[PDB]
Structure formats: structure tokens, C-alpha cells
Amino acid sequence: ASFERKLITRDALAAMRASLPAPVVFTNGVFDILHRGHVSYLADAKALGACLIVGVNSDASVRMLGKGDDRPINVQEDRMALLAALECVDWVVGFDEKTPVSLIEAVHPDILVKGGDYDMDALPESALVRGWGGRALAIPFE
């Protein structure tokens, strides 16, 4: 239950933001079932910065998505708890919206990362983060 110290609310993370070590790294995902690509990439993202925050889609927000699985088999608290058990993760935050844009606006990462092959230029959040001079990049699973 000690890794649970990482589960935090958007408001609490927002208050704490100014005291986080730079550079702050952010990523988001469903993380329904953890596999080796997830953790390999979660570890590399941590290596890019001093602090790693993971945003986790709420059950619903997960339901507003056509590409990935429709109903995650694990409830948002369980998906978040697994992430928190990870050595490389510092903070795990849930968000309800369909996209992580307002969460990212609130968190204000210096570095935004995505796992997989994803055009970062096609992402709203890339523009958001680069908009204030941050970096956005994709890190491959394998």
C-alpha cells in the first residue's frame, strides 16, 4: 500500500506543481493490462527527466474512444494502482475528459511523451506543451 502514495488528484497535483523537480515528464494512457512495452517506455520517459507523471483515463473517458478496447477490464483505480507500483513512476493522476488536454494544461509538463509510433504533430497536447516551449516526443515500445 506504500506505492499508493503516488495516487493524487488533479487539484493536489496542481498545488504541488511548482515544487516538482524540473524537467517534469508527462504521459497518459489506459494501461488496462501492463505489458513489457508499457514499462520499458515508462522507464525511458523517466530517464528523460527528473519526475514522471502518468495520466490515466477514467472508465468513461475510456468509453469515448473508438480505437482501443471499449470497456477496460480493470477499473480506473486498479489501473492506476498498478502504475503506482512501478519504480519509475512518481505520480499517477486520473482524468475524466476524452483527451488529456485540460489535465496537461493544469500539470504543465516540460516534456510530453507518447509510447508507440504516433505522429506527435497530430496531437493537440503536443501543440499545447510546445506552445510554452516544452518538448513533445514519441518513444517506441520495442
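Residues carry their position along the shown sequence, with the first being 1.
Of the two segments, 25 to 33 and 92 to 100, the one listed with the higher mean B-factor is 92 to 100 (C-alpha atoms only). Legend: mean Cα B-factor per stretch from the PDB entry, 51 to 59 versus 69 to 77; the higher mean is in 69 to 77.
Ranked within its chain, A122 lands in the highest third, by CA B factor from the PDB record. When all modelled residues of the chain are sorted by CA temperature factor, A1 is found within the highest third. Per the PDB record, residue ranking by Cα B-factor puts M64 in the highest third of the chain. In this PDB entry, the Cα temperature factor of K114 sits in the top third of its chain's modelled residues, the highest group.
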